[PDB]
Every structure is written in structure tokens, then in C-alpha cells.
Amino acid sequence: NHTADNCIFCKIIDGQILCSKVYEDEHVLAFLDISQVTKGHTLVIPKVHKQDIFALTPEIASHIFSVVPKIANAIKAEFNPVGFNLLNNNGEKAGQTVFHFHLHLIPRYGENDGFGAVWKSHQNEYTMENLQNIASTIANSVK
Amino acid sequence: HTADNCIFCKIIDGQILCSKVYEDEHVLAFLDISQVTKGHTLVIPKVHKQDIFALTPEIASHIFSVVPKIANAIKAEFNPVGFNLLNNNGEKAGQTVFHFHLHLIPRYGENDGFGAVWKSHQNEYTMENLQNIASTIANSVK
Ligand SMILES: [Zn+2]
Ligand SMILES: [Zn+2]
């Protein structure tokens with residue numbers, strides 16, 4: 001459904017589409033998200049087309065994340081944000097719009113930011129027994 | 001914030017219980033007791049680092065290397081419709097536990113306790129503005 005040939009991020013990697021580049025190495029490319037939900041909003045992507053988190057190998061995942069602190073620190077040093085978020089969306093129903101794995105690096109400046117997490121705990125819907133069974137179910141499936 | 005007062009360091013040290021999903025030499029993953037969605041899991045380094053800015057490349061790679069296999073296990077078991085990763089740094093960005101950690105959040109639908117407010121500012125930037133912003137960041141990367 002989402003092939004490399006039709007992928008806009010692969011087109012950026014291949015230079016057919018322009019980007020405002022923040023960092024590049026053999027494994028990853030980082031460039032500004034044109035939406036700029038906050039000033040300096042940056043995307044970190046693997047050069048190899050992987051659709052979402054479930055398709056990353058350990059090596060690609062390592063290469064992607066290994067550059068995040070240095071990029072976050074650069075944004076921090078230059079724009080002095082009060083906070084910072086990382087976000088990744090997988091699946092149309094979870095907000096994914098470009099089907100090439102990417103992490104959003106989002107600096108926060110305060111009250112008037114374009115990003116915010118709506119967050120609600122469902123803690124009391126679970127007993128101790130329930131959590132133990134959810135945890136072992138996941139644990140036993142980890143490859 | 002200190003390492004001796006850190007809840008996650010206590011869990012790593014076995015002074016506090018957790019619902020363990022995965023552990024290796026460098027990382028520990030366990031359920032977030034808030035369970036914003038069923039199977040909501042935290043992945044944390046065993047070494048105390050407060051936030052994204054204090055991670056070394058080596059620690060960052062250890063953390064993320066195991067995320068896809070944990071995300072896949074959650075997906076295989078509960079068939080979510082989607083999935084999000086979230087990390088909060090600084091109290092103004094939502095951080096409440098001061099030991100770096102990633103939230104792995106499966107998504108099922110309308111009862112989900114995670115959502116994003118997302119406001120584009122695309123038309124407030126020219127190409128020149130974006131070029132200058134990017135260069136400023138690029139030149140500051142150490
Ligand atoms: Zn692609
Ligand atoms: Zn700690």
C-alpha cells in the first residue's frame with residue numbers, strides 16, 4: 001500500500017523534493033517539518049524506507065535514535081525552549097499521514113504551543129492481577 | 001531531582017515493584033500503571049539520565065533498539081488500530097518522572113487516554129525563514 005516509489009520522504013532523500021536540512025549521515029536524514037507546530041520542529045527519518053515503528057530493525061532504530069540527543073541539544077542551544085517532546089505516529093488512526101517512519105522533535109515554548117498531549121489515566125480499570133497478565137502476555141510475545 | 005530520589009532508579013534497583021515486559025543489560029520496560037490504553041508500556045535506560053538532552057548516543061541506541069520488538073509484541077497480542085511513541089522533557093512539556101523514558105502507546109479508538117493537540121503554523125513561515133532556522137540548528141549540532 002505504501003511503496004518507496006510513491007513516498008514523499010524517499011523523494012526528499014533522493015533530492016527530487018526540497019527540504020530544510022538539519023543533519024545527515026549515512027543512515028538518517030533530519031529536516032524541518034514544514035508545519036512548524038512549534039519553531040524548530042524537526043523530523044528524523046531513516047534513509048531506508050520503513051513504513052512505521054513495527055518495520056524497523058534494531059540497527060535502523062539505533063541509528064535513528066543515536067542522533068536525537070545531539071539534534072535536540074542543537075535546537076535547545078539555539079532557541080532556548082522551556083521543554084521538549086518526541087512524538088511518533090503509526091497508523092492513520094494514530095495520526096500518521098506520511099508512511100515512512102519519522103520521529104517529531106518538538107520544542108516547547110509555553111502556553112501558546114501547537115503541540116499538546118491530551119492525557120487521561122485509566123489506572124483504576126485494572127487490578128494487580130490484570131496488570132500481571134497484560135505484562136506476561138506482552139513479555140511472552142517479545143521476539 | 002536526584003538519582004537517589006528517582007522512582008525509576010528504585011525500580012531498576014528492586015526497591016519498588018513493576019509489571020515487567022522486557023529487560024536486558026541496558027534497558028528495562030514495564031507497564032505504565034496509568035494504562036492510558038491497554039498495554040501502555042514504558043521503556044527506560046538502566047542508567048539515570050534525566051531527559052533527552054542528557055542521553056549519550058550509546059544509551060539512546062540501547063533504548064530504541066528494543067522498541068520495535070516490544071511494539072510488535074503489544075500489537076500481536078492486542079490488535080490495536082495504531083500506535084504512538086511519546087517522550088516528555090521538562091515539566092512544561094509534561095514530564096513528571098525525571099528519568100528519561102519513552103511511552104509506547106497502543107491505540108484502539110475513542111476511549112483512548114492519549115490524543116494530540118496539533119496546530120499547524122505552516123503559512124506563517126517563508127522558505128527563507130525555514131532555510132535560516134535549519135542552518136542555525138545544523139551549525140549548532142555537536
Ligand atoms: Zn519512504
Ligand atoms: Zn533514575
# chains A, B, ... in the order shown; residues from 1 in each chain; ligands from 1
>>> residues_around(residues="residue A:12", least_positions_apart="3", cutoff="12 Å", atoms="only C-alpha atoms", output="PyMOL selection string")
chain A and resi 4-9+15-21+28-32+45-49+100
>>> write_last_selection(atoms="C-alpha atoms", output="mmCIF file, in the first residue's frame")
data_model
loop_
_atom_site.group_PDB
_atom_site.id
_atom_site.type_symbol
_atom_site.label_atom_id
_atom_site.label_comp_id
_atom_site.auth_asym_id
_atom_site.auth_seq_id
_atom_site.Cartn_x
_atom_site.Cartn_y
_atom_site.Cartn_z
ATOM 1 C CA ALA A 4 9.117 3.657 -1.593
ATOM 2 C CA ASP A 5 8.481 4.881 -5.148
ATOM 3 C CA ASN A 6 5.357 6.840 -4.057
ATOM 4 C CA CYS A 7 6.847 8.007 -0.771
ATOM 5 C CA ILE A 8 7.483 11.762 -0.398
ATOM 6 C CA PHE A 9 10.196 11.260 2.237
ATOM 7 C CA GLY A 15 16.649 15.019 -3.869
ATOM 8 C CA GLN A 16 13.518 15.166 -6.056
ATOM 9 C CA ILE A 17 11.797 17.313 -3.376
ATOM 10 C CA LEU A 18 13.492 20.107 -1.401
ATOM 11 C CA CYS A 19 13.875 20.127 2.412
ATOM 12 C CA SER A 20 15.412 22.445 5.052
ATOM 13 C CA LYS A 21 18.151 20.129 6.220
ATOM 14 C CA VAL A 28 19.435 9.115 8.642
ATOM 15 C CA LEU A 29 18.192 12.448 7.446
ATOM 16 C CA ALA A 30 16.745 15.227 9.645
ATOM 17 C CA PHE A 31 14.877 18.244 8.276
ATOM 18 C CA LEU A 32 12.278 20.704 9.426
ATOM 19 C CA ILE A 45 13.933 9.753 9.390
ATOM 20 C CA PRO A 46 15.809 6.673 8.276
ATOM 21 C CA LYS A 47 17.204 6.751 4.728
ATOM 22 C CA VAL A 48 15.803 3.275 4.142
ATOM 23 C CA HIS A 49 12.033 3.199 3.580
ATOM 24 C CA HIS A 100 7.759 6.466 6.188
#
>>> closest_atom_pairs(of="stretch 27-111 of chain A", to="stretch 83-107 of chain B", cutoff="6 Å", atoms="only C-alpha atoms", output="CSV")
residue,atom,partner,partner_atom,distance
A:83,CA,B:90,CA,4.7
A:84,CA,B:89,CA,5.0
A:85,CA,B:88,CA,4.8
A:86,CA,B:87,CA,4.9
A:87,CA,B:86,CA,4.7
A:88,CA,B:85,CA,4.9
A:89,CA,B:84,CA,4.9
A:90,CA,B:83,CA,5.0
A:94,CA,B:83,CA,5.9
>>> select_by_dssp(residues="stretch 42-135 of chain A", states="alpha helix (DSSP H)", output="ChimeraX atom specification")
/A:58-66,68-79,128-135
>>> closest_residue(among="B:51, B:77, B:124, B:110", to="residue A:69", atoms="only C-alpha atoms")
B:51
>>> residues_around(residues="stretch 118-120 of chain A", least_positions_apart="2", cutoff="10 Å", atoms="only C-alpha atoms", output="list in words")
residues 115, 116, 122 and 123 of chain A; 34, 35, 36, 37, 94, 111, 112, 113, 114, 115, 116 and 117 of chain B
>>> residues_around(residues="residue B:18", least_positions_apart="6", cutoff="12 Å", atoms="only C-alpha atoms", output="list in words")
residues 128, 131, 132, 135 and 136 of chain A; 7, 8, 9, 10, 11, 12, 28, 29, 30, 31, 32, 33, 41 and 42 of chain B
>>> write_last_selection(atoms="N, CA, C and O atoms", output="mmCIF file, in the first residue's frame")
data_model
loop_
_atom_site.group_PDB
_atom_site.id
_atom_site.type_symbol
_atom_site.label_atom_id
_atom_site.label_comp_id
_atom_site.auth_asym_id
_atom_site.auth_seq_id
_atom_site.Cartn_x
_atom_site.Cartn_y
_atom_site.Cartn_z
ATOM 1 N N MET A 128 -4.257 -5.595 40.205
ATOM 2 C CA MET A 128 -2.912 -6.143 40.215
ATOM 3 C C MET A 128 -2.817 -7.372 39.326
ATOM 4 O O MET A 128 -1.878 -7.512 38.556
ATOM 5 N N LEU A 131 -2.803 -6.449 35.511
ATOM 6 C CA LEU A 131 -1.532 -5.902 35.029
ATOM 7 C C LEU A 131 -0.499 -7.020 34.854
ATOM 8 O O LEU A 131 0.260 -7.031 33.865
ATOM 9 N N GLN A 132 -0.470 -7.953 35.814
ATOM 10 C CA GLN A 132 0.453 -9.080 35.745
ATOM 11 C C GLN A 132 0.172 -9.884 34.483
ATOM 12 O O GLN A 132 1.082 -10.311 33.821
ATOM 13 N N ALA A 135 1.179 -7.808 31.318
ATOM 14 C CA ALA A 135 2.637 -7.780 31.238
ATOM 15 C C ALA A 135 3.231 -9.121 30.774
ATOM 16 O O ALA A 135 4.121 -9.134 29.917
ATOM 17 N N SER A 136 2.768 -10.242 31.332
ATOM 18 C CA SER A 136 3.292 -11.530 30.881
ATOM 19 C C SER A 136 2.833 -11.855 29.459
ATOM 20 O O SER A 136 3.585 -12.464 28.684
ATOM 21 N N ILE B 7 12.190 7.427 41.321
ATOM 22 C CA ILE B 7 11.357 6.237 41.373
ATOM 23 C C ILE B 7 11.826 5.150 40.418
ATOM 24 O O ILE B 7 11.826 3.970 40.770
ATOM 25 N N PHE B 8 12.222 5.541 39.206
ATOM 26 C CA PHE B 8 12.656 4.577 38.205
ATOM 27 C C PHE B 8 13.982 3.919 38.611
ATOM 28 O O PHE B 8 14.185 2.726 38.366
ATOM 29 N N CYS B 9 14.881 4.671 39.229
ATOM 30 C CA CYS B 9 16.118 4.078 39.748
ATOM 31 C C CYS B 9 15.794 3.057 40.875
ATOM 32 O O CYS B 9 16.431 2.014 40.957
ATOM 33 N N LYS B 10 14.772 3.324 41.691
ATOM 34 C CA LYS B 10 14.353 2.364 42.722
ATOM 35 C C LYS B 10 13.835 1.069 42.103
ATOM 36 O O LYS B 10 14.106 -0.024 42.610
ATOM 37 N N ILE B 11 13.053 1.199 41.033
ATOM 38 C CA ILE B 11 12.522 0.047 40.314
ATOM 39 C C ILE B 11 13.675 -0.774 39.722
ATOM 40 O O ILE B 11 13.727 -2.001 39.873
ATOM 41 N N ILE B 12 14.613 -0.088 39.070
ATOM 42 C CA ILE B 12 15.777 -0.747 38.491
ATOM 43 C C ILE B 12 16.534 -1.498 39.587
ATOM 44 O O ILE B 12 16.955 -2.621 39.374
ATOM 45 N N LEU B 28 15.144 -1.459 30.685
ATOM 46 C CA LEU B 28 14.033 -2.099 31.381
ATOM 47 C C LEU B 28 12.729 -1.549 30.810
ATOM 48 O O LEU B 28 12.599 -0.328 30.570
ATOM 49 N N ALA B 29 11.777 -2.435 30.535
ATOM 50 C CA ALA B 29 10.470 -1.996 30.032
ATOM 51 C C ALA B 29 9.420 -2.579 30.950
ATOM 52 O O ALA B 29 9.527 -3.725 31.353
ATOM 53 N N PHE B 30 8.443 -1.766 31.306
ATOM 54 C CA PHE B 30 7.366 -2.192 32.212
ATOM 55 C C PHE B 30 6.125 -1.371 31.921
ATOM 56 O O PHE B 30 6.198 -0.299 31.299
ATOM 57 N N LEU B 31 4.977 -1.872 32.349
ATOM 58 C CA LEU B 31 3.724 -1.191 32.072
ATOM 59 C C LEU B 31 3.633 0.120 32.833
ATOM 60 O O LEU B 31 4.071 0.214 33.971
ATOM 61 N N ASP B 32 3.040 1.125 32.215
ATOM 62 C CA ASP B 32 2.779 2.376 32.918
ATOM 63 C C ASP B 32 1.521 2.080 33.692
ATOM 64 O O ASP B 32 0.525 1.674 33.115
ATOM 65 N N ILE B 33 1.530 2.273 35.003
ATOM 66 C CA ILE B 33 0.332 1.915 35.747
ATOM 67 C C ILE B 33 -0.893 2.775 35.404
ATOM 68 O O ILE B 33 -2.011 2.408 35.741
ATOM 69 N N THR B 41 3.197 0.945 27.780
ATOM 70 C CA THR B 41 4.458 0.467 28.313
ATOM 71 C C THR B 41 5.497 1.586 28.308
ATOM 72 O O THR B 41 5.536 2.432 27.413
ATOM 73 N N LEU B 42 6.362 1.568 29.302
ATOM 74 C CA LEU B 42 7.482 2.489 29.360
ATOM 75 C C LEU B 42 8.764 1.744 29.069
ATOM 76 O O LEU B 42 8.943 0.625 29.524
#
>>> closest_residue(among="B:38, B:46, B:14, B:72", to="ligand 2", atoms="only C-alpha atoms and all ligand atoms")
B:46
>>> residues_around(residues="residue B:69", least_positions_apart="2", cutoff="9 Å", atoms="only C-alpha atoms", output="PyMOL selection string")
(chain A and resi 54+56-58+142-143) or (chain B and resi 65-67+71-74)
>>> write_last_selection(atoms="N, CA, C and O atoms", output="mmCIF file, in the first residue's frame")
data_model
loop_
_atom_site.group_PDB
_atom_site.id
_atom_site.type_symbol
_atom_site.label_atom_id
_atom_site.label_comp_id
_atom_site.auth_asym_id
_atom_site.auth_seq_id
_atom_site.Cartn_x
_atom_site.Cartn_y
_atom_site.Cartn_z
ATOM 1 N N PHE A 54 6.865 -0.686 13.508
ATOM 2 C CA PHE A 54 6.878 -2.135 13.534
ATOM 3 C C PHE A 54 7.827 -2.750 12.502
ATOM 4 O O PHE A 54 8.219 -3.905 12.650
ATOM 5 N N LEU A 56 10.895 -1.325 11.703
ATOM 6 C CA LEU A 56 12.311 -1.007 11.943
ATOM 7 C C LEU A 56 13.057 -2.236 12.448
ATOM 8 O O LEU A 56 12.498 -3.025 13.189
ATOM 9 N N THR A 57 14.296 -2.416 11.989
ATOM 10 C CA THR A 57 15.186 -3.400 12.550
ATOM 11 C C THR A 57 15.855 -2.717 13.759
ATOM 12 O O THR A 57 15.797 -1.487 13.898
ATOM 13 N N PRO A 58 16.520 -3.503 14.615
ATOM 14 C CA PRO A 58 17.197 -2.917 15.774
ATOM 15 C C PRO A 58 18.293 -1.942 15.361
ATOM 16 O O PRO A 58 18.464 -0.880 15.979
ATOM 17 N N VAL A 142 7.433 -11.133 23.020
ATOM 18 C CA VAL A 142 8.592 -10.361 22.549
ATOM 19 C C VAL A 142 9.571 -11.293 21.841
ATOM 20 O O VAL A 142 10.011 -12.281 22.414
ATOM 21 N N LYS A 143 9.902 -11.001 20.583
ATOM 22 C CA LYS A 143 10.762 -11.907 19.832
ATOM 23 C C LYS A 143 12.239 -11.746 20.168
ATOM 24 O O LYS A 143 12.665 -10.825 20.850
ATOM 25 N N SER B 65 16.705 0.474 20.242
ATOM 26 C CA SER B 65 16.923 -0.777 19.570
ATOM 27 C C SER B 65 15.856 -1.811 19.906
ATOM 28 O O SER B 65 15.535 -2.635 19.057
ATOM 29 N N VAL B 66 15.288 -1.749 21.111
ATOM 30 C CA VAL B 66 14.309 -2.743 21.544
ATOM 31 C C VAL B 66 12.865 -2.292 21.396
ATOM 32 O O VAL B 66 11.945 -3.071 21.628
ATOM 33 N N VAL B 67 12.669 -1.059 20.969
ATOM 34 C CA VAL B 67 11.325 -0.522 20.860
ATOM 35 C C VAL B 67 10.518 -1.262 19.794
ATOM 36 O O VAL B 67 9.405 -1.668 20.075
ATOM 37 N N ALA B 71 7.005 -3.046 20.672
ATOM 38 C CA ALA B 71 5.824 -2.537 19.965
ATOM 39 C C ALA B 71 5.155 -3.675 19.193
ATOM 40 O O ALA B 71 3.932 -3.816 19.214
ATOM 41 N N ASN B 72 5.950 -4.485 18.509
ATOM 42 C CA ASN B 72 5.396 -5.650 17.806
ATOM 43 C C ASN B 72 4.701 -6.668 18.692
ATOM 44 O O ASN B 72 3.681 -7.236 18.291
ATOM 45 N N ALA B 73 5.227 -6.908 19.881
ATOM 46 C CA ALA B 73 4.601 -7.862 20.808
ATOM 47 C C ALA B 73 3.241 -7.333 21.258
ATOM 48 O O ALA B 73 2.267 -8.067 21.285
ATOM 49 N N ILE B 74 3.185 -6.047 21.617
ATOM 50 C CA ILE B 74 1.929 -5.392 22.020
ATOM 51 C C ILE B 74 0.908 -5.464 20.879
ATOM 52 O O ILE B 74 -0.276 -5.791 21.070
#
>>> closest_residue(among="B:59, B:44, B:27, B:21", to="ligand 2", atoms="only C-alpha atoms and all ligand atoms")
B:44
>>> residues_around(residues="residue A:63", least_positions_apart="2", cutoff="8 Å", atoms="only C-alpha atoms", output="PyMOL selection string")
(chain A and resi 27-28+46+59-61+65-67) or (chain B and resi 61)
>>> closest_residue(among="A:102, A:76, A:93, A:108", to="residue B:54", atoms="only C-alpha atoms")
A:76
